[PDB]
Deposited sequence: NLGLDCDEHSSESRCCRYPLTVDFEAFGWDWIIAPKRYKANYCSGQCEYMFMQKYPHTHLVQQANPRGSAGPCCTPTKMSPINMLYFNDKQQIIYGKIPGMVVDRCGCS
């Protein structure tokens, strides 16, 4: 398979990956220590039914408080869109 990577304001119409930064403190996800922000990206474009959606995801390593007075470092899956495709 083949994926496409675009900038914002590109003229590509096909299903493409675009940049997007997620900001945990902006949503009040207070229990996260780091990172406070990260580039998650997102998918958009014509698939002409099938739609443009993540076909590959990658993890990020996070430092956060849990429910049990612990601080966790852990690899959290499914956090970054690595590729977009029609499905």
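Undergrad: How would you list, in order, the spans of the deposited sequence that the model does not cover?
TA: Residues lacking C-alpha coordinates: just 49-70.
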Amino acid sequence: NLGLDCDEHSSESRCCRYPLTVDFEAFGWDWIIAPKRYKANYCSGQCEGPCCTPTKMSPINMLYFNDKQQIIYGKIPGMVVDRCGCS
From here on, numbers count along this sequence of modelled residues.
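Undergrad: Would 56-64 or 27-35 have the larger average of its C-alpha temperature factors, as given in the entry?
TA: The recorded data point to 27-35.
Undergrad: Is the mean CA B factor in the deposited entry higher across 16-24 or across 74-82?
TA: Stretch with the higher mean C-alpha B-factor: 16-24.
Undergrad: Among the modelled residues of its chain, does the C-alpha B-factor of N41 lie in the lowest, middle or highest third?
TA: CA B-factor rank for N41: lowest third.
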